[PDB]
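All remarks here apply to the structure that follows.
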Amino acid sequence: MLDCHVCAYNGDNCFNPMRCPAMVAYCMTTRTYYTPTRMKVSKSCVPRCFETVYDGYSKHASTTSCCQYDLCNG
């Protein structure tokens, strides 16, 4: 059992603590960056979350974080 913030907003970071189902055991958070005046964020409960790294040719305006701590993505 684990609790994470499940929501999505076009700004800094939304807040919505919700307990994951009897299958998920990790928190995912994808913070995207479109413009210097507008950003987007997304959080939810997932079983497996990988870290999105970009530093070469692809767009590095996005960074996905993963954790297993309660409200870790708060």
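Chain labels follow the order of the structure tokens: the first chain is A, the next B, and so on; residue numbering restarts at 1 in every chain, and ligands are counted from 1 in their shown order.
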
Set the distance at 10 Å and use only C-alpha atoms: which residues neighbour residue 18 in chain A once local chain neighbours fewer than 5 positions away are removed? I'd like the list as a PDB file with N, CA and C atoms, in the first residue's frame.
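Result file is selection_27.pdb:
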ATOM      1  N   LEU A   2       0.519   2.207  -0.861  1.00  0.00           N
ATOM      2  CA  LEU A   2       1.265   3.457  -0.961  1.00  0.00           C
ATOM      3  C   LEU A   2       0.360   4.595  -1.423  1.00  0.00           C
ATOM      4  N   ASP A   3       0.664   5.805  -0.968  1.00  0.00           N
ATOM      5  CA  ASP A   3      -0.120   6.980  -1.337  1.00  0.00           C
ATOM      6  C   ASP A   3       0.730   7.979  -2.115  1.00  0.00           C
ATOM      7  N   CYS A   4       0.217   8.423  -3.256  1.00  0.00           N
ATOM      8  CA  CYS A   4       0.928   9.380  -4.095  1.00  0.00           C
ATOM      9  C   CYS A   4      -0.024  10.442  -4.637  1.00  0.00           C
ATOM     10  N   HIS A   5       0.543  11.525  -5.161  1.00  0.00           N
ATOM     11  CA  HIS A   5      -0.256  12.613  -5.715  1.00  0.00           C
ATOM     12  C   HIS A   5      -0.651  12.316  -7.158  1.00  0.00           C
ATOM     13  N   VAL A   6      -1.942  12.090  -7.378  1.00  0.00           N
ATOM     14  CA  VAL A   6      -2.451  11.795  -8.712  1.00  0.00           C
ATOM     15  C   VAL A   6      -3.257  12.966  -9.265  1.00  0.00           C
ATOM     16  N   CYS A   7      -2.666  13.691 -10.207  1.00  0.00           N
ATOM     17  CA  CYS A   7      -3.327  14.838 -10.818  1.00  0.00           C
ATOM     18  C   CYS A   7      -2.479  15.419 -11.946  1.00  0.00           C
ATOM     19  N   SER A  44       0.804  10.456 -11.174  1.00  0.00           N
ATOM     20  CA  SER A  44      -0.131   9.345 -11.045  1.00  0.00           C
ATOM     21  C   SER A  44       0.541   8.141 -10.391  1.00  0.00           C
ATOM     22  N   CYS A  45      -0.227   7.077 -10.195  1.00  0.00           N
ATOM     23  CA  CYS A  45       0.291   5.861  -9.580  1.00  0.00           C
ATOM     24  C   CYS A  45       0.602   4.806 -10.638  1.00  0.00           C
ATOM     25  N   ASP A  70       5.443   7.818   0.601  1.00  0.00           N
ATOM     26  CA  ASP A  70       4.121   8.433   0.661  1.00  0.00           C
ATOM     27  C   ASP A  70       4.197   9.919   0.328  1.00  0.00           C
ATOM     28  N   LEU A  71       3.335  10.363  -0.581  1.00  0.00           N
ATOM     29  CA  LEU A  71       3.305  11.763  -0.988  1.00  0.00           C
ATOM     30  C   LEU A  71       4.702  12.254  -1.352  1.00  0.00           C
TER      31      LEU A  71
END

Quick one: everything within 10 Å of residue 73 in chain A, counting only C-alpha atoms, minus sequence neighbours fewer than 3 positions away in the same chain. Send it as a ChimeraX atom specification.
-> /A:3-6,13-17,27-29,43-44,65-70

Using only C-alpha atoms, please write the residues we just selected to a file, as a compact mmCIF listing (two decimals), in the first residue's frame.
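What follows is the written file result-v1.txt:
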# COMPACT_ATOMS: atom_id res chain seq x y z
CA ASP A 3 -0.12 6.98 -1.34
CA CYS A 4 0.93 9.38 -4.09
CA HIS A 5 -0.26 12.61 -5.71
CA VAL A 6 -2.45 11.79 -8.71
CA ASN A 13 2.76 21.31 -9.55
CA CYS A 14 -0.76 20.21 -8.62
CA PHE A 15 -1.70 18.54 -5.33
CA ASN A 16 -3.97 15.50 -5.08
CA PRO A 17 -2.99 12.72 -2.64
CA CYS A 27 4.79 7.19 -7.76
CA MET A 28 5.37 8.81 -11.15
CA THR A 29 5.81 12.51 -11.92
CA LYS A 43 1.47 12.76 -11.55
CA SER A 44 -0.13 9.35 -11.04
CA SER A 65 10.72 11.42 -11.34
CA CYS A 66 9.93 8.19 -9.49
CA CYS A 67 9.67 7.29 -5.80
CA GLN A 68 8.11 4.84 -3.34
CA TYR A 69 7.55 7.20 -0.42
CA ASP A 70 4.12 8.43 0.66

As a short mmCIF file (atom, residue, chain, number, x, y, z; two decimals) with N, CA, C and O atoms, in the first residue's frame, please: all residues of chain A that backbone DSSP puts in strand (DSSP E).
data_model
loop_
_atom_site.label_atom_id
_atom_site.label_comp_id
_atom_site.auth_asym_id
_atom_site.auth_seq_id
_atom_site.Cartn_x
_atom_site.Cartn_y
_atom_site.Cartn_z
N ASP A 3 0.66 5.81 -0.97
CA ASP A 3 -0.12 6.98 -1.34
C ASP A 3 0.73 7.98 -2.11
O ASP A 3 1.83 8.34 -1.69
N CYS A 4 0.22 8.42 -3.26
CA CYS A 4 0.93 9.38 -4.09
C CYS A 4 -0.02 10.44 -4.64
O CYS A 4 -1.24 10.28 -4.58
N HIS A 5 0.54 11.53 -5.16
CA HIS A 5 -0.26 12.61 -5.71
C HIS A 5 -0.65 12.32 -7.16
O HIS A 5 0.19 12.29 -8.05
N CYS A 7 -2.67 13.69 -10.21
CA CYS A 7 -3.33 14.84 -10.82
C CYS A 7 -2.48 15.42 -11.95
O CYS A 7 -1.38 14.94 -12.22
N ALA A 8 -3.00 16.45 -12.60
CA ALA A 8 -2.29 17.10 -13.69
C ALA A 8 -2.69 18.57 -13.81
O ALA A 8 -3.87 18.91 -13.77
N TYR A 9 -1.69 19.44 -13.96
CA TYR A 9 -1.94 20.87 -14.09
C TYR A 9 -0.90 21.52 -15.00
O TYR A 9 0.22 21.03 -15.13
N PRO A 17 -3.40 13.98 -3.26
CA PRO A 17 -2.99 12.72 -2.64
C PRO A 17 -4.06 11.65 -2.74
O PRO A 17 -5.16 11.80 -2.21
N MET A 18 -3.74 10.56 -3.43
CA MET A 18 -4.68 9.46 -3.60
C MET A 18 -3.98 8.11 -3.46
O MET A 18 -2.91 7.90 -4.02
N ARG A 19 -4.59 7.21 -2.70
CA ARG A 19 -4.01 5.88 -2.48
C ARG A 19 -4.09 5.04 -3.75
O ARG A 19 -5.13 4.99 -4.42
N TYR A 26 4.51 2.45 -6.77
CA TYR A 26 5.47 3.51 -7.08
C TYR A 26 4.76 4.76 -7.58
O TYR A 26 3.68 4.68 -8.19
N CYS A 27 5.36 5.92 -7.33
CA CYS A 27 4.79 7.19 -7.76
C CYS A 27 5.53 7.74 -8.97
O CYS A 27 6.76 7.72 -9.01
N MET A 28 4.78 8.25 -9.94
CA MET A 28 5.37 8.81 -11.15
C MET A 28 5.03 10.29 -11.27
O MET A 28 3.93 10.72 -10.94
N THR A 29 6.00 11.07 -11.75
CA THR A 29 5.81 12.51 -11.92
C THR A 29 6.56 13.02 -13.14
O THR A 29 7.79 13.06 -13.16
N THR A 30 5.81 13.42 -14.17
CA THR A 30 6.41 13.94 -15.39
C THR A 30 6.25 15.45 -15.49
O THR A 30 5.17 15.94 -15.82
N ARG A 31 7.32 16.18 -15.21
CA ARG A 31 7.29 17.63 -15.27
C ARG A 31 7.85 18.13 -16.60
O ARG A 31 9.06 18.14 -16.81
N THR A 32 6.96 18.56 -17.48
CA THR A 32 7.36 19.06 -18.79
C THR A 32 7.54 20.57 -18.77
O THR A 32 7.04 21.25 -17.88
N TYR A 33 8.27 21.09 -19.75
CA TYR A 33 8.52 22.52 -19.84
C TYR A 33 8.42 23.00 -21.29
O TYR A 33 9.31 22.76 -22.10
N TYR A 34 7.32 23.69 -21.59
CA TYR A 34 7.10 24.21 -22.94
C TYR A 34 7.75 25.58 -23.11
O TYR A 34 8.68 25.74 -23.90
N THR A 35 7.25 26.56 -22.37
CA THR A 35 7.77 27.91 -22.44
C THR A 35 8.21 28.41 -21.07
O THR A 35 7.82 27.86 -20.03
N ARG A 38 5.13 29.29 -19.23
CA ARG A 38 4.10 28.27 -19.06
C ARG A 38 4.73 26.88 -18.99
O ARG A 38 5.61 26.54 -19.80
N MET A 39 4.29 26.08 -18.03
CA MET A 39 4.81 24.73 -17.86
C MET A 39 3.67 23.73 -17.65
O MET A 39 2.52 24.12 -17.47
N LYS A 40 4.01 22.45 -17.68
CA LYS A 40 3.02 21.39 -17.49
C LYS A 40 3.56 20.29 -16.59
O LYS A 40 4.75 19.96 -16.64
N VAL A 41 2.68 19.71 -15.77
CA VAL A 41 3.08 18.65 -14.86
C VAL A 41 2.01 17.55 -14.81
O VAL A 41 0.83 17.82 -15.00
N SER A 42 2.45 16.32 -14.55
CA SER A 42 1.54 15.19 -14.48
C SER A 42 2.03 14.16 -13.46
O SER A 42 3.19 13.76 -13.48
N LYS A 43 1.13 13.74 -12.58
CA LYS A 43 1.47 12.76 -11.55
C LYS A 43 0.39 11.69 -11.44
O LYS A 43 -0.80 11.98 -11.60
N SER A 44 0.80 10.46 -11.17
CA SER A 44 -0.13 9.35 -11.04
C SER A 44 0.54 8.14 -10.39
O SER A 44 1.73 8.18 -10.07
N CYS A 45 -0.23 7.08 -10.20
CA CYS A 45 0.29 5.86 -9.58
C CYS A 45 0.60 4.81 -10.64
O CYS A 45 -0.27 4.41 -11.41
N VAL A 46 1.85 4.35 -10.66
CA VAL A 46 2.28 3.34 -11.62
C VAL A 46 3.14 2.28 -10.96
O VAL A 46 3.81 2.53 -9.95
N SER A 62 11.98 17.99 -20.34
CA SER A 62 11.11 17.11 -19.57
C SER A 62 11.93 16.22 -18.64
O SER A 62 13.00 15.73 -19.01
N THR A 63 11.41 16.01 -17.43
CA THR A 63 12.09 15.17 -16.45
C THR A 63 11.09 14.38 -15.61
O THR A 63 10.31 14.95 -14.85
N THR A 64 11.12 13.06 -15.76
CA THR A 64 10.22 12.19 -15.03
C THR A 64 10.88 11.67 -13.75
O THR A 64 11.97 11.10 -13.79
N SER A 65 10.20 11.86 -12.62
CA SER A 65 10.72 11.42 -11.34
C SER A 65 9.92 10.24 -10.80
O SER A 65 8.72 10.12 -11.07
N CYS A 66 10.58 9.36 -10.06
CA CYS A 66 9.93 8.19 -9.49
C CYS A 66 10.34 7.99 -8.03
O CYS A 66 11.49 8.25 -7.66
N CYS A 67 9.40 7.52 -7.22
CA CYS A 67 9.67 7.29 -5.80
C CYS A 67 8.70 6.26 -5.23
O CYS A 67 7.72 5.88 -5.88
#
